[PDB]
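Undergrad: Once you've had a glance at the structure underneath, I'll fire off some questions.
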């Protein structure tokens, strides 16, 4: 009895183009994860190109996280005191243009949940962190990834 098919998708799909250098980044993440899992986008805010591109290429549960968003789909939670419950169960966690101060908080989250942390910094600006992350080049775009190792069984 009953129907649990409530199609609520109130969302203005405005995605800035010209993000060719971001395209490969999305594809890279897509290949690392895929459909039937969770991917967390930190620093979504007002730039949802990557996550949208990913969710269109693969029906992966893309979870957007940012403080006080204006877009339907972003988890309106907190990052200065993050809820691990949101990040747990994710296959990959990436951050779009992260400040060189909260990176440490992101690294421990990835390490906790067991997901690959991908940071897209500036072309000529460092993250100012410990030697943990690695510079990777995909297509033409370069970024920093971190493989959070899984706990022993």
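Undergrad: Given the options 20, 103, 71, state which has the largest fluctuation in a GNM of the chain using a 10 Å cut-off (strictly under) for Cα springs.
TA: Result for the chain, Cα springs under 10 Å: 20 fluctuates most.
Undergrad: Next up: What number results when the radius of gyration of the stretch 75-144, computed over Cα atoms, is divided by 2.2 N^0.38 Å?
TA: Its radius of gyration relative to the 2.2 N^0.38 Å reference: 1.12.
Undergrad: Still on this model: At 0.36 nm per residue, and after removing the present C-alpha to C-alpha distance, how many nm does the segment from residue 68 to residue 137 gain when stretched out fully?
TA: 21.6 nm
Undergrad: Further question on the same structure: Please identify, among 133, 84, 107, the residue showing maximal mean-square fluctuation in a Gaussian network model of the chain using a 10 angstrom Cα cutoff.
TA: 84
Undergrad: How high is the relative contact order of the stretch 108-153, in percent, counting Cα pairs under 8 Å that sit 6 or more residues apart?
TA: Taking the mean separation of contacting Cα pairs over the length of the stretch 108-153, I get 49 percent.
Undergrad: Sticking with this structure for a sec: Per DSSP H run of n ≥ 4, the term is -39500 (n - 2.57); total these for the chain, divide by its residue number, and report the mean residue ellipticity at 222 nm rounded to 500 deg cm²/dmol.
TA: Taken over the chain, the calculation gives -7000 deg cm²/dmol.
Undergrad: With axes computed from alpha carbons, what is the tilt in degrees of helix 20-32 against the longest principal axis of the chain, rounded to the nearest 10 within 0 to 90?
TA: So the inclination is approximately 80 degrees.
Undergrad: Ok, one more. In whole percent, what relative contact order does the chain give with Cα contacts below 8 Å and a gap of six or more residues?
TA: 20 percent
Undergrad: Then there is this: Order the peptides 7-17, 25-35 from the highest to the lowest mean number of other Cβ atoms within 10 Å of their residues.
TA: 25-35, 7-17
Undergrad: Eigenvalues of the Cα gyration tensor times 5, then square-rooted: what semi-axes does that give for the chain, in whole angstrom, largest first?
TA: Working through the eigenvalues yields semi-axes of 25, 19, 16 Å.
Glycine gets a Cβ as well: all are built from the backbone with ideal geometry, and neighbour counts include every protein chain shown. Every number here is computed from the coordinates shown, using simple stated rules; none is lab data.
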